[PDB]
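Engineer: Sequence, then structure. It's an experimental one.
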Amino acid sequence: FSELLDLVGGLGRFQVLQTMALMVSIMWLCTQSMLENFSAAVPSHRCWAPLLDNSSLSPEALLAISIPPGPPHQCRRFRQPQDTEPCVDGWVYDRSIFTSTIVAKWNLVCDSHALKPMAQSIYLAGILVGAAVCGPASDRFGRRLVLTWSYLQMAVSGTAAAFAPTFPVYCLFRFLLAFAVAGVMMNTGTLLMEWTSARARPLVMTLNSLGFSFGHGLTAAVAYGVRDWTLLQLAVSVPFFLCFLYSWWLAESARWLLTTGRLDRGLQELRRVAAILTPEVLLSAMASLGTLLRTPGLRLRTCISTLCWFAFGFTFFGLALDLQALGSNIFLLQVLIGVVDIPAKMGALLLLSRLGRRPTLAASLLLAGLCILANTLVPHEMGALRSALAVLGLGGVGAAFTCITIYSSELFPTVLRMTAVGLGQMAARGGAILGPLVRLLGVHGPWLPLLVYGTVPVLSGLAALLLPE
Ligand SMILES: CCc1oc2ccccc2c1C(=O)c1cc(Br)c(O)c(Br)c1
């Protein structure tokens with residue numbers, strides 16, 4: 001089929017336009033994923049005290065004689081002004097930064113604090129389900145078709161979540177949104193790979209990753225503009241209506257059409273792509289998980305690659321989804337994640353050729369994990385150092401993702417390569433699901449979630465030294 005790609009052009013105006021459009025879509029998809037740390041940012045909250053909120057003393061004195069001291073206690077109040085009782089009358093939140101939030105809306109604080117990470121997990125669960133369902137669908141129905149329907153579902157579910165009346169409805173529609181983002185991601189990747197020459201595959205993968213890198217800054221900018229969770233979610237999910245509208249101009253994969261037997265439709269598609277070669281030419285021109293697991297020589301490589309994918313997913317979605325614990329200024333941290341991923345991913349791609357492939361991946365994972373451990377080790381007062389170290393850790397885990405994406409392909413033969421990549425992606429999605437869950441260990445101590453997030457990638461990088469090349 002590569003001969004047909006060369007005949008049409010392989011790389012050119014069409015490929016660059018498609019890559020730019022899909023990169024914008026991926027930027028908005030990253031905004032959808034990472035919006036939760038702005039639309040669910042826990043504000044400073046305290047029990048609604050009658051004396052503070054009437055239903056002469058300075059406000060400090062009133063807050064001292066109404067709310068007991070805490071590690072001011074955020075979920076207890078004195079029975080009478082100065083015996084403590086829970087927030088009988090509800091909570092009062094600090095709206096200096098964020099005017100509204102899901103935490104502030106459904107009181108996902110203390111007794112129900114777990115509902116905040118749990119919701120995130122549900123979102124990250126949907127992706128794992130979406131990849132499971134949108135995977136075969138793209139192989140049964142067109143890849144561009146599944147991409148278009150994924151865009152539509154993302155837009156609709158994002159709007160519905162932005163207008164969710166109760167918490168379960170919000171969780172359900174975020175699950176549906178994740179189900180759709182899984183399809184968007186998979187079909188964007190497949191469409192990029194299936195329209196560019198085999199030489200440029202690492203380049204297109206790196207550009208796809210830079211899509212998320214830019215999406216980080218896009219999320220920061222949009223959150224800075226919009227401080228209301230409803231309006232934030234609505235604004236983030238609105239552009240997917242336009243994505244759905246213009247996805248019809250994307251060229252469906254000619255490889256898929258030719259392989260499945262749509263010779264005439266694929267011929268028309270590839271002629272259209274070449275414009276921006278008789279049917280006989282195309283006619284002449286044109287590995288289950290059990291097999292991969294059964295081979296005894298690939299057990300170690302399979303396990304180590306899967307562990308690396310899982311480490312990336314777990315660490316990245318356990319850290320990037322809670323940036324308030326990593327630093328102080330959440331908007332600046334969100335910007336810095338992308339601003340460091342760009343150079344980090346470029347440098348990873350650079351060292352993937354001269355320093356090696358296994359050493360680069362191992363060094364990236366070890367640096368990310370050690371930066372996370374140092375961030376949880378340094379004093380809390382030294383906030384700038386903690387923020388910088390967390391930014392470096394996220395940059396390192398992104399670089400490790402680039403390394404593993406470009407590396408796990410070569411680790412397996414041309415026949416088991418797709419199966420190994422799919423297994424790695426599923427492991428990464430499962431790790432992402434587990435990511436937010438381990439934040440529930442923060443009750444035992446805020447240091448423990450970061451200890452886990454640091455000791456996972458460090459161990460994965462240590463085990464990545466056992467790979468062949
Ligand atoms: C570059 C890694 C990354 O950065 C993000 C920012 C916001 C939301 C999701 C991501 C995200 C992914 O989940 C991801 C997971 C797999 Br597996 C891939 O093959 C690709 Br491509 C991207």
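Structural biologist: Received the coordinates, thanks. Numbers count the residues shown, from 1 in each chain.
Engineer: which residues of the protein fall in strands?
Structural biologist: Taking DSSP state E, the strands of the chain run over residues 45-47, 77-78, 84-85, 91-93.
Engineer: which one of the ones you listed lies closest to residue 282?
Structural biologist: strand 91-93 (62.3 Å; CB to CB). Bear in mind the C-beta positions are built from the backbone N, C-alpha and C, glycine included.
Engineer: So what's the residue count around the residue in the stretch 151-300 of the chain that the ligand sits nearest to?
Structural biologist: As assessed by CB to the nearest ligand atom, the ligand sits closest to residue 212 within the stretch 151-300 of the chain, at 3.6 Å. Residue 212: 25 surrounding residues under other CB atoms under 10 Å.
Engineer: Enumerate every residue touching residue 84.
Structural biologist: Residues near residue 84 by CB atoms under 8 Å, 6 or more residues apart in numbering: 68, 73, 76-78.
Engineer: same question, residue 46
Structural biologist: Applying CB under 8 Å, 6+ apart to residue 46 gives the contacts 63, 67, 72-74, 77, 91-92.
Engineer: Put the buried members of those residues into a PyMOL selection.
Structural biologist: Buried members of those, defined by 16 or more other CB atoms under 10 Å, are picked up in PyMOL with:
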select buried, resi 67+72+73+74+77+91+92
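Engineer: Now do the contacts for the residue of the stretch 151-300 of the chain closest to the ligand.
Structural biologist: 26-27, 29-30, 338, 341 are the contacts of residue 212 under CB under 8 Å, 6+ apart.
Engineer: Mind doing that once more with 6 Å?
Structural biologist: residue 30 (CB atoms under 6 Å, 6 or more residues apart in numbering).
Engineer: Over to residue 121?
Structural biologist: 433, 436-437.
Engineer: Walk me through the domains of the protein.
Structural biologist: 1-36+112-286, 45-93, 288-469 (automatic domain parsing).
Engineer: how about TSV for those, with distance to residue 102 added?
Structural biologist: Below are those laid out as TSV (distance: least, CB to CB, whole Å):
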stretch	distance to residue 102
domain 1-36+112-286	6
domain 45-93	12
domain 288-469	14
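Engineer: Just tell me which of those domains ends up closest to residue 105.
Structural biologist: Of all the domains of the chain, it is domain 1-36+112-286 that lies closest to residue 105, at 7.1 Å by CB to CB.
Engineer: Now the terminal residues of that closest one, how far apart.
Structural biologist: Counting by CA to CA, to the nearest Å, you get 7 Å between the two ends of domain 1-36+112-286.
Engineer: Determine how far it lies from the middle of the whole chain.
Structural biologist: Mean-position distance between domain 1-36+112-286 and its chain equals 13 Å (CA atoms, centre = their mean, to the nearest Å).
Engineer: Between which two of the contacts of residue 46 is the distance greatest?
Structural biologist: Across the contacts of residue 46, the longest distance by CB to CB is 14.1 Å; it joins 63 and 91.
Engineer: quick revisit: farthest pair within the contacts of residue 84?
Structural biologist: Of all pairs in these, the most separated under CB to CB is 73 and 78 at 9.6 Å.
Engineer: thinking again about what came up before, dump the contacts of residue 121 into CSV; add neighbour count and distance to the ligand as well.
Structural biologist: Putting the contacts of residue 121 into CSV (neighbours: other CB atoms under 10 Å; distance: CB to the nearest ligand atom, whole Å) gives the following:
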residue, neighbour count, distance to the ligand
433, 21, 12
436, 24, 13
437, 17, 17
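Engineer: ok, back up a step: can you add distance to the ligand and give the strands of the chain back as a markdown table?
Structural biologist: Shown next, in a markdown table, are these (distance: least, CB to the nearest ligand atom, whole Å):
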| stretch | distance to the ligand |
| --- | --- |
| strand 45-47 | 27 |
| strand 77-78 | 39 |
| strand 84-85 | 41 |
| strand 91-93 | 27 |
